[PDB]
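> For reference, the structure I am asking about is given below.
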Amino acid sequence: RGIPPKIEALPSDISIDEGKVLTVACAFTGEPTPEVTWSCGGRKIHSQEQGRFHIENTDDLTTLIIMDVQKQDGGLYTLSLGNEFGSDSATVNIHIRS
């Protein structure tokens, strides 16, 4: 009959060295499958097929990938989920290390 979305696991903080690939994964649940939005600074992140930012969404996992991570990529990344029955949201603090 419908189950609102829930983010089941997302880390609160991640530190990665400058220049590496960062991968941030999150498992979620919901019926129907929730729509997934990643954002940073009130702006939605979109996959770039020939760029550094990529989002891979399956029916219960979403992954943010940032290739060759730079200091400018650091910040608070929010995952938001929504379906007909509700919404959820959580933030991960991404730190880029020298």
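To be explicit about the labels: the chains of the structure tokens are called A, B, and onward in the order shown, and within each one the residues are counted from 1, while ligands get numbers from 1 in the order they are shown.
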Write out as JSON, numbers by chain which residues come within 8 Å of segment 69-82 of chain A when counting only C-alpha atoms, dropping same-chain ones fewer than 4 positions away.
{"A": [4, 5, 6, 7, 17, 18, 19, 20, 21, 22, 34, 35, 36, 37, 38, 39, 40, 41, 86, 87, 88, 89, 90, 91, 92, 93, 94, 95, 96, 97]}
> Can you list every residue in chain A that DSSP puts in strand (DSSP E or B), as a ChimeraX atom specification?
/A:3-9,13-17,22-31,35-40,43-44,53-57,61-66,75-83,86-97
> In Å to one decimal, how far is atom CA of residue 30 of chain A from atom CA of residue 9 of chain A?
13.7 Å
> Enter the distance from atom CA of residue 53 of chain A to atom CA of residue 24 of chain A, in Å, rounded to one decimal.
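Atom-to-atom, atom CA of residue 53 of chain A and atom CA of residue 24 of chain A are spaced 11.5 Å apart.
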> My list of candidates is A:55, A:25, A:3, A:10. Which is closest to residue 67 of chain A when distances are computed with only C-alpha atoms?
A:55
> Could you list, as a list in words, every residue within 7 Å of segment 59-61 of chain A, counting only C-alpha atoms and ignoring same-chain residues fewer than 5 positions away?
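Neighbouring residues, sequence-local ones excluded: residues 26, 27, 28, 29 and 33 of chain A.
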> Suppose we keep C-alpha atoms; can you now write the selection as a PDB file, in the first residue's frame?

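Output file part.pdb follows:
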```pdb
ATOM      1  CA  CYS A  26      23.787   4.922   0.257  1.00  0.00           C
ATOM      2  CA  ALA A  27      21.248   2.161   0.596  1.00  0.00           C
ATOM      3  CA  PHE A  28      17.566   3.196   0.621  1.00  0.00           C
ATOM      4  CA  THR A  29      14.102   1.674   0.772  1.00  0.00           C
ATOM      5  CA  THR A  33      11.109   3.245  -5.580  1.00  0.00           C
TER       6      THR A  33
END
```
> Restricting the calculation to only C-alpha atoms: of A:2, A:8, A:14, A:32, which residue gets closest to residue 62 of chain A?
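Closest candidate: A:8.
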> Using Å and a single decimal, report how far atom CA of residue 43 of chain A sits from atom CA of residue 58 of chain A.
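Those two atoms sit 21.9 Å apart.
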